[PDB]
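Visitor: my sequence and its experimental structure, below.
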Amino acid sequence: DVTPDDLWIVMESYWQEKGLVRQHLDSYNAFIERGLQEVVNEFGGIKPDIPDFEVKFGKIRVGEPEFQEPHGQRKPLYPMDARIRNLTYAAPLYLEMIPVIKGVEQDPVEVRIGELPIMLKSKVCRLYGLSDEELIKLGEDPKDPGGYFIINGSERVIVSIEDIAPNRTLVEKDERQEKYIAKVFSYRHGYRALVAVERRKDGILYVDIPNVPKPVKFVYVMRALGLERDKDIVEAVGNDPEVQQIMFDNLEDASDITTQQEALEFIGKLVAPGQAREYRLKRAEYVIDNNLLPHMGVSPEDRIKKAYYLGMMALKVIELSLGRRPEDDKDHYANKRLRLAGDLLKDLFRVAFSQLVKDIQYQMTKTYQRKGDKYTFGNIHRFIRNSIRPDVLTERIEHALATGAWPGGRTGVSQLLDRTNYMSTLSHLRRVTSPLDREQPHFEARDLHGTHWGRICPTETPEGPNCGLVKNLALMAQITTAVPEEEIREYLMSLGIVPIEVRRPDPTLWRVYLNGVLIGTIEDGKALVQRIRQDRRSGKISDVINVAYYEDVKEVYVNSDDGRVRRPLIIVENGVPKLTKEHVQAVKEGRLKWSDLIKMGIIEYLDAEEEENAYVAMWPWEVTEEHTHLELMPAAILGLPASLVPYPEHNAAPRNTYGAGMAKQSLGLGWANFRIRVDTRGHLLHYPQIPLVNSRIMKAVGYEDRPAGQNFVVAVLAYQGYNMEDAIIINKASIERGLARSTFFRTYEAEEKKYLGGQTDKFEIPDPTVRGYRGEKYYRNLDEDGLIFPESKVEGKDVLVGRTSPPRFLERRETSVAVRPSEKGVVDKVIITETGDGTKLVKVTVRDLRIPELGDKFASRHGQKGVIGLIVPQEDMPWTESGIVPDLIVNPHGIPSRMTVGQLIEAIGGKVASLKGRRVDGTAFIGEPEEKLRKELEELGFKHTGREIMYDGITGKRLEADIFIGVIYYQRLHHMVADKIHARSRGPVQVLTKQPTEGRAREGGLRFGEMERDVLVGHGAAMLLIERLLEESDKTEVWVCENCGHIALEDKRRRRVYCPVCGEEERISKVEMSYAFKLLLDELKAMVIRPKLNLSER
Amino acid sequence: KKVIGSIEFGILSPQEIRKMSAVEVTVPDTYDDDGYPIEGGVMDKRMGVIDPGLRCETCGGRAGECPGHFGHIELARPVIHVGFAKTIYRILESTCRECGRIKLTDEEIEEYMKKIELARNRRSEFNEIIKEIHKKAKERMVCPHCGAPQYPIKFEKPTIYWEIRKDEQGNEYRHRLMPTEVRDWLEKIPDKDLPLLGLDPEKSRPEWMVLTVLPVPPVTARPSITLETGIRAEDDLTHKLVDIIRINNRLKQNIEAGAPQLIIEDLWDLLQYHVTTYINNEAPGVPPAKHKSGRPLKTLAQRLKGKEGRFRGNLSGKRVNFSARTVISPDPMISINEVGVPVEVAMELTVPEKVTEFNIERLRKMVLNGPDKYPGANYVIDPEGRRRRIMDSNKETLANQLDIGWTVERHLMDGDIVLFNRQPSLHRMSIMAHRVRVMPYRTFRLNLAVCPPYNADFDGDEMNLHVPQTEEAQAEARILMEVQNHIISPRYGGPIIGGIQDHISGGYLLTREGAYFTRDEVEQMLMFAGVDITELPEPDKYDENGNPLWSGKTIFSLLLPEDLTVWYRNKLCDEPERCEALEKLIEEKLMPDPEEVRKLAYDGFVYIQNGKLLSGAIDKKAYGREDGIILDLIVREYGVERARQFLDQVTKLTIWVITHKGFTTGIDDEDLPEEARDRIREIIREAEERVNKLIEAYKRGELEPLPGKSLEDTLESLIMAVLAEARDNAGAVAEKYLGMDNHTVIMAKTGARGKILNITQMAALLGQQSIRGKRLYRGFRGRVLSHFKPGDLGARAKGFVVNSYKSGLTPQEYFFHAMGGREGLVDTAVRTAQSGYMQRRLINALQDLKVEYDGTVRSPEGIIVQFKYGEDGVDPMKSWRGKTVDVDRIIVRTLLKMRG
DNA sequence: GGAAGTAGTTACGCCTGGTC
DNA sequence: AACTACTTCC
RNA sequence: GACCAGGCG
Ligand SMILES: [Mg+2]
Ligand SMILES: [Zn+2]
Ligand SMILES: [Zn+2]
Ligand SMILES: [Zn+2]
């Protein structure tokens, strides 16, 4: 048979042909190729208030990425210049207009309707299809995978959203009123409708419509949708005798009250309360056509199909009532479809295009009315061109991408791309999020599902509120892109399916559902499914098609939608997998590609629905005749940061989660482009190293070309109690030789802002006569131009861009840019450039050398976080009989409570790899077994247990016990103690509350919250509570009139204190209270409440 | 100077608002084009000034010094206060329409007045009585005092009062009650009728609820900041006031000019909506007032309520000066009551020290050093209150002019008292006072024994450091909050500050059987621990080379009180017969011959006699997070300084032992022989066969349900019981075979770190995984993964992991373990949120309860909650593990003291 | 007594950046 | 959302 | 200044 080492070649070919960001690129390419034109086709031509004029819409075209200079013209624009000059990497969008004058169409005019931002490495970007040298010449890292946008100079990545499958009805139990609830999320043109039917405890059927304030009896809706005959309704809902009786009982009390014509009026009463009968009818039919089952259509011709779909939903809820079917799981991945960059862009562009269409209509009507018809019909091209106003669409789209607040309630869709290292960027580009609120305890939604196998990483998920709700894709996951539904419908109908109009469903007849909607009926549904999959394997049917059946309820589901997470499997027939040794050799020699293997029907893509019908084997030697598929590589079920962990199955799951999460925070050469890149913060490990024990997936992906971490010599012993409690002891000599050394980059930005009236600011060294002038020492490194020379040492509070702004005090004010108060470094790079509007812009990059010290956080790939508790000289470190000195010491007390046997196995493997001169394979399930590693260590001349005889450095005698020592790949995280230490004696305060400001960046004060107040009270410390909460935040003195209790007024001009409310001058005394309480008294004296104060003598 | 004795809350009268105001605002504008405030606008200088360079017209003070002053807006037509809407509705439907009386009988009036005078102390009884009066008045149709129909009043969401009258014969109409007629109705209410409605005759008036004059909050209460772009960013209150002024001006114009009543009513409703959203934007049933951007505005109600509101965000808890935060790192070489402070923080934070007779020289030296050198000062304050920053060309003069009575803000130095806090702050030990010890590097240092109170674990933890500034606060901290105290937890009356992992493991390596140490090791460990000693005790053994050797028990006894005597069984007791023999020997006379005890010495029975350890090994029972017998006795019988000294010495000693003796954990720590592996394999095989038999019996209907649950639940419970028992048996085999010489076993049996479950999961099967107490079921239909046949209920197919961590997990078992870990990690956050909310509720309910000088516990109004705290008068912190007094311990201690 | 409505809460800090 | 508790129509 | 997102214990 085929070894798993031979299936590894096929998996590597899969990752070679298709990158790691193929979901974003595929979705965006589909959006550009067809999505924009689809949206424009939904948006019919603009019809203004003109007697005989209206414009049709032609073909959407997107040009090359170009930028319109403020005083020049459209130069070509490349992503580096877009992300350096704080531009948006967009392209002109052109739309043809067909003017219809009195029913006839003239020649088209092409007008630019706005700019569309371009995702990097897509089919329209300038980086597409460029060799490594060409990308390098453009100042780009060839390792960068694209898939993100550049908006106003910042890199924005759109995170996929794990929504519920549209147009699919799910049944479940309310468990409160004993009412069975079946809801569907019908989608049409970006609008979702929550249509639900309800069987209450009384046995009557109710339907909920989002815009109908109250539920309506189901038979009323069924008759309003064109079903005049009662018997027709009973037949359409179901033919089973029990269901027939239920529908008869539900319909008798409906027909005795509301007939066909009465139902629309009854709905209208609730929809449009009042006496306007025609308006009630109009509103009822509007909410029927638009707000009930919009996916079926909005025309009255689609009302009948709405009735059939509602009858099917009612039949499902009845079957749930009878218990013939189980509850529909909402976490089952057959019921969830991802929303990608393509569809989210489609919806956002739809909203922006609606705004532009309405604006152009307004402009056309206004211009026509306010200059008549002299040139509107004399030259229609100028009339159309001047009415365009294209900035609306581009501003809307760019604002949505930059802020992340999508149209509707969606928020956080677009997030700032993480560029800490390779792993963080790729994992962010492979991330999935859930729309549920993170505060609530979604126990069923935060847990791992069996359908996540091969689709979602089981171990990589953040800790805290987002646990389980933020997911990352497995390495084998593939997300579909929709195929045209009409061709699929036609092919399925040709296969033998007869539409429900001709043949009605029966218990002995299979119900076929395409894309979640019922299409027809067939006998022997298993034969139909077999024919479908045989056709797909033969190649005549596209890859995206997936089909499954259910013997329990006799239903065949056909899926061809977009956003389905799938995994590849090897087709097994009659106990023999389709993949053979010659296929593997052809793949290895480059004669065969992954797409070829998919097209020949050797490897199959299955989502959860089709996988339900599968019986998958995990190893080639486990295949029997009953198996339907074989696992290509079980180690690919993990995510990318989770695949960084070696021997992950020898660790506890929480520690694997910790390691996967901490792999995205390590320091290393994340991108070779870092030197010329302008970014707010960045790190650079000076000597990155390949993990000696590493998975083959890490080499296949490309992590080896951008490593983040180093291999340390680690001894597991307790040393002077300074590695106690997860602390770490490190070697001073190793640090001084370059171990874990790094540099921190910060890029300050200063813009020469152009205010109104020509009042500009100036880059210059300000004279001391300007207002807000800092010390003359702070401008020491500045040049006469106003910019700091590069490679000049800069410490805290020193300025980099001397700048003065026009006066606005009630001489020129100063607004120069200086380094942050707690940050030092050397000026690595000073660039000067021009903004989008044309003002001068300067970026200054400061690099600070961060040698490891006490408090810096270190982590291993197995989840063992820790900070440096001590830095010990080499002569104080213990040494081995072989001359090996540890670079790091970890307390043994952290091993057993955490149960990370994988770390010990990795230490053994690292020692063996170093001794052999060959790196050790640490793949998830096919890596080198621990027994082989121990035997090899024994044969190399060392103890098989990994324990070695060690000597104490301080006293010189050998330790009593044999010390476990090895090589473990430790990574330095960006949580440095220099970036976290903060101390505030006294500084700025907020204007509103006079309390200290918030934040390390603005000399903030630490919040002494109410929990600490209760802690202080429980100690009995009353004066300490006064000192901490009154003297040190907002202590003030107020004048109170003893006669009235209001706040007295002190006239500094007249040198008098009095109460305006009563005019008292003798009964006035000071009180001492926090300024926040005086503000509270002010807000209480607002909204008309009198807080009279009574004073006591003390 | 005065202090606030009480606060009386009332409703401001229109005359009060008119007199208290400094301006009447008419212009709905903020600033002019040049940048100066518009006279008559919301930012008029007669309401205070916030922009630097301006001057106040009411105070004459500059920005930040003028407190702020109120203004009023004379509303053209009165509006209804949203806060008092339901109160106005209740009063309207409980009082007469024409005369205004409460519509209650005079006998009922006098009886309810008498019942109001009584039962006023508690709010609940008064509220219930008010509801009863409201119901009785609401039901009534005719006013008893004057014959008049009382049409019922309907109330929709805010400020919509709608009473229903019979317009025609048999036809009724609802008439909307405008604020004018509502207010007039309220003025007609007499003063003798207010108490039965709950209103105060003087501090409140029902008519004042309908507000005709709106106070404008001062400028300082709604500041506006100028953005770096040059544009002005106003507050939400400023915008809402501008809109209110604009609409009020429109209404006044339409009223004086003359308009159709419908337009006037529409403008009136617009003004009412503006005022209602100004007072409470999230009031029920009102469209929130949205900002131009699209977000809703934050108004007075949002200013007050909420976690980010005024009360919780700026009154109960607020940001403070003289605080610091950085990562914490371990430091076993500082005392338990000390903290290592970085030089940067010590130089930044200062302690105000008034110069006196004795500290004049030191303050002169530190003024000479200045803000640069660490033992220096930052500021010098003369007695007049004028402060001067120390700098070059100032140090010599300020040092010369130090005199006496001046204030010098000096740097932190050794011995200073500070507050140290890791702030998830659950109990009162989350903040304790530590003595400052200045350290070179930039991280906080903490002794290991003080970790359990803070729950700190040196994995990136950060702790806040607060420096008390007044001498009263410093004394309070140093007397009540120091780390020497709080060794015993108030929760359970047991030691919370004790050895954690390395102290326990090193103590076991020290005191265990056969553990001996050389002369150099003994001297070095005694010097390292800080134990004072000038002569070593006589050695216990002699090496084969004649070298003297000391037992670990002698070294441990060198740091015990010479009077201490106690015996107990620790966790290392595996053969109870030896412990019973030792107890039988002790019980005969209570002073057994030391050599006789040494003959029967056992590691599982600790027996200290006159401060000499004669049997037993140091365990978690000696000192630990809970049940530290020796530490508890030392802290209860010898004081709290002796406990601190013993804790420091024993921690350093055990650390030295574990460091220089070698303590490691390797792969071999999870190894089992072939016999143990075979026994475990047979255990799992028999468990799987039993589960198969149960499944087959359930499939044939052979099994019958257990009481209280169905057949399916019976089968599930039986399967889980079998699997748990199999895991227990495999763990028992592993425990039997691994032995006590394994370091992983050593730290688990001694309680230093890890349980038996960890060793079982690491050296034997992992056991059954479960979510919410059930077997793994979430996945496909009839199965969990698609690698198992649907409908399978077997052990492996439902989450029973048959592999150890050492043996490596199969992919199915890996996914099952991932599910278990996920359920645990999900549980943690939900539990912490629920616990935090419950703790907040408990604290807000029990905050003020305290013990009076007579021994009782009383509520703030004087209500006695407990006539004796804890029903016996003993503080749980001072109690003996919840007991009033340890009678047997006292008896044995006294008998040994006298008869000894 | 329902049977809906309505309102009120849902741990504590801290850090970073980005846009208004 | 998911809990409670009132309130309040029935 | 408040909003969002991501992290840390
Ligand atoms: Mg921690
Ligand atoms: Zn007064
Ligand atoms: Zn003033
Ligand atoms: Zn009356």
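Guide: Structure's in. What do you need? Residues are numbered from 1 along each chain as shown, chains lettered A, B, ... in the order given. Ligands and ions are numbered 1, 2, ... in the order given.
Visitor: going forward, measure contacts and count neighbours with C-alpha atoms only.
Guide: Noted.
Visitor: what's near enough to touch residue A:225?
Guide: Listed by Cα atoms under 8 Å, 6 or more residues apart in numbering or on different chains, the contact partners of residue A:225 are A:288, A:303-304, A:306-307.
Visitor: ok, now with 6 Å
Guide: A:303-304, A:307 (Cα atoms under 6 Å, 6 or more residues apart in numbering or on different chains).
Visitor: can you flag the buried ones in the residues you listed?
Guide: Neighbour-count burial (16 or more other Cα atoms under 10 Å in any protein chain shown) applied to the contacts of residue A:225 gives A:303-304, A:307.
Visitor: adding secondary structure, write the contacts of residue A:225 out as TSV.
Guide: As requested, the contacts of residue A:225 are exported to TSV (DSSP: H, G, I helix; E, B strand; the rest coil):
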residue	secondary structure
A:303	helix
A:304	helix
A:307	helix
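Visitor: closest one to chain B out of these, please.
Guide: residue A:307 (30.4 Å; Cα to the nearest Cα).
Visitor: tell me the contacts of residue B:876?
Guide: Here residue B:876 is in contact with B:490, B:493 (Cα under 6 Å, 6+ apart).
Visitor: rerun at 10 Å
Guide: Listed by Cα atoms under 10 Å, 6 or more residues apart in numbering or on different chains, the contact set of residue B:876 reads B:488-494, B:870, B:882-884.
Visitor: and what of residue A:530?
Guide: A:536, A:547-548 are the contacts of residue A:530 under Cα under 10 Å, 6+ apart.
Visitor: now the strands for the stretch 851-1000 of chain A?
Guide: A:857-860, A:866-872, A:879-880, A:888-890, A:920-921, A:947-948, A:950-951, A:963-972, A:982-984 (DSSP state E, counting those that start in this stretch).
Visitor: which residues touch the fifth one?
Guide: Outside of strand A:920-921, the residues that reach it under the criterion Cα under 10 Å, 6+ apart are A:646-647, A:691-696, A:906, A:908-914, A:927-929, A:933.
Visitor: among those, the buried ones, what's the PyMOL command?
Guide: With 16+ other Cα under 10 Å as the burial test, the buried ones among those are selected in PyMOL as follows:
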select buried, chain A and resi 646+647+691+692+693+694+695+696+906+908+909+910+911+912+913+927+928+929+933
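Visitor: coming back round to it: closest to residue A:748 out of the contacts of residue B:876?
Guide: residue B:489 (50.8 Å; Cα to Cα).
Visitor: let me know how buried that closest one is, in neighbour terms.
Guide: If you count neighbours by other Cα atoms under 10 Å in any protein chain shown, residue B:489 ends up with 22.
Visitor: contacts only, for it.
Guide: B:427-429, B:453, B:495-497, B:625-626, B:876-878, B:881.
Visitor: in TSV: those residues, plus secondary structure.
Guide: Below are the contacts of residue B:489 laid out as TSV (three-state DSSP):
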residue	secondary structure
B:427	coil
B:428	helix
B:429	helix
B:453	helix
B:495	strand
B:496	coil
B:497	coil
B:625	coil
B:626	coil
B:876	coil
B:877	coil
B:878	coil
B:881	coil
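Visitor: going by distance to residue A:414, which of these wins?
Guide: Ranked by distance to residue A:414 (Cα to Cα), the contacts of residue B:489 are led by residue B:427 at 41.0 Å.
Visitor: helices of the stretch 601-750 of chain A, start to end?
Guide: Along the stretch 601-750 of chain A, the stretches classed as helices by DSSP state H, counting those that start in this stretch are A:608-612, A:640-644, A:653-662, A:696-701, A:732-736.
Visitor: repeat that for the stretch 251-400 of chain B.
Guide: Going by DSSP H, counting those that start in this stretch, the stretch 251-400 of chain B shows helices at B:261-279, B:300-304, B:310, B:343-348, B:360-369, B:395-400.
Visitor: cool, the stretch 401-550 of chain A as well?
Guide: Under DSSP H, counting those that start in this stretch, the stretch 401-550 of chain A gives helices at A:422-429, A:485-494, A:525-538.
Visitor: got it, and the stretch 751-900 of chain B?
Guide: Going by DSSP H, counting those that start in this stretch, the stretch 751-900 of chain B shows helices at B:756-763, B:811-846, B:887-899.
Visitor: among the helices of the stretch 401-550 of chain A, which is the most enclosed?
Guide: helix A:422-429 (a mean of 22; mean count of other Cα atoms under 10 Å in any protein chain shown).
Visitor: just the angle for it relative to helix A:653-662, thanks.
Guide: 100 degrees (axes from the mean of the first three to the mean of the last three Cα atoms, to 10 degrees).
Visitor: which strands or helices does helix A:422-429 pack on?
Guide: Packing partners of helix A:422-429 (3 or more Cα pairs under 10 Å, 6 or more residues apart in numbering or on different chains; DSSP states H and E): helix A:22-30, strand A:154-158, strand A:470-472, helix A:640-644, helix A:653-662.
Visitor: now residue A:1056, nearest residue through space, not along the chain?
Guide: residue A:1050 (5.9 Å; Cα to Cα, 6 or more residues apart in numbering or on different chains).
Visitor: separation between residue B:138 and residue B:83?
Guide: 21 Å (Cα to Cα, to the nearest Å).
Visitor: same thing with residue B:696?
Guide: Separation of residue B:696 from residue B:83 (Cα to Cα): 69 Å.
Visitor: same question, residue A:1024
Guide: Counting by Cα to Cα - residue A:1024 and residue B:83 are separated by 38 Å.
Visitor: now swap in residue A:594 and tell me
Guide: From residue A:594 to residue B:83 the distance is 69 Å (Cα to Cα).
Visitor: repeat that for residue B:655.
Guide: For residue B:655, the distance to residue B:83 - Cα to Cα - is 65 Å.
Visitor: just want to know which of these two has more residues nearby.
Guide: A direct count of neighbours by other Cα under 10 Å for residue B:655 and residue B:83 places residue B:655 higher, at 29 against 18.
Visitor: let me see the backbone angles for that one.
Guide: With angles defined as degrees, to the nearest 10, residue B:655 sits at phi -60, psi -40.
Visitor: was I right about it contacting residue B:526?
Guide: No. Distance between residue B:655 and residue B:526: 11.6 Å, which falls outside the contact criterion (Cα atoms under 10 Å).
Visitor: so what sits against both of those two?
Guide: Common contacts of residue B:655 and residue B:526 (Cα under 10 Å, 6+ apart): residue B:649.
Visitor: out of the helices and strands packed on helix A:422-429, which is closest to ligand 1?
Guide: With Cα to the ion as the criterion, ligand 1 lies closest to helix A:653-662 of these, at 13.1 Å.
Visitor: show me what the closest one is packed against.
Guide: helix A:422-429, helix A:640-644, strand A:857-860, helix B:811-846.
Visitor: how about these in CSV, adding distance to ligand 3?
Guide: CSV is the format used below for the helices and strands packed on helix A:653-662 (distance: least, Cα to the ion, whole Å):
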stretch, distance to ligand 3
helix A:422-429, 53
helix A:640-644, 60
strand A:857-860, 52
helix B:811-846, 38
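Visitor: out of these, flag the one nearest residue A:1077.
Guide: The nearest among the helices and strands packed on helix A:653-662, by Cα to Cα, is helix B:811-846 at 19.7 Å.
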